[PDB]
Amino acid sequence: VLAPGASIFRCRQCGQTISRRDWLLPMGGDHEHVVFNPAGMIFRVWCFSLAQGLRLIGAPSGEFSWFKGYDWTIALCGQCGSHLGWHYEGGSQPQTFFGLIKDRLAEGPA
């Protein structure tokens, strides 16, 4: 389609380019996963094969992982430090991917 308006995801706080609709990844059959952390925070997580503009913090941990076989690291916006989701590694098919918090991204035109 000409002039699409739902093609790129940016950080909601600062506008840093983060990912693309084209890179949505249907993990376990769905790109959306509704999950909670040990602090009880509920997230609507969209899985992406690739992302950019993030900064991954700390060492990978398997503890409390929402995706079996994957270890996670916190993914912050590399520009503003907003916590945008997690990077997953150490699994299979794919080895790595990103789980990003949908409401912390803004979707818009390329």
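In case it trips you up, residue 1 is the first one in the sequence shown, and so on.
Looking at mean Cα B-factors across 22-30 and 47-55, the upper value is held by 22-30. Mean C-alpha B-factor is higher over 4-12 than over the other stretch, the pair under comparison being 4-12 and 101-109. The entry lists a Cα temperature factor for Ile74 that places it in the lowest third of the chain's modelled residues.
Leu84 sits in the lowest third of its chain by CA B factor, as recorded in the PDB entry.
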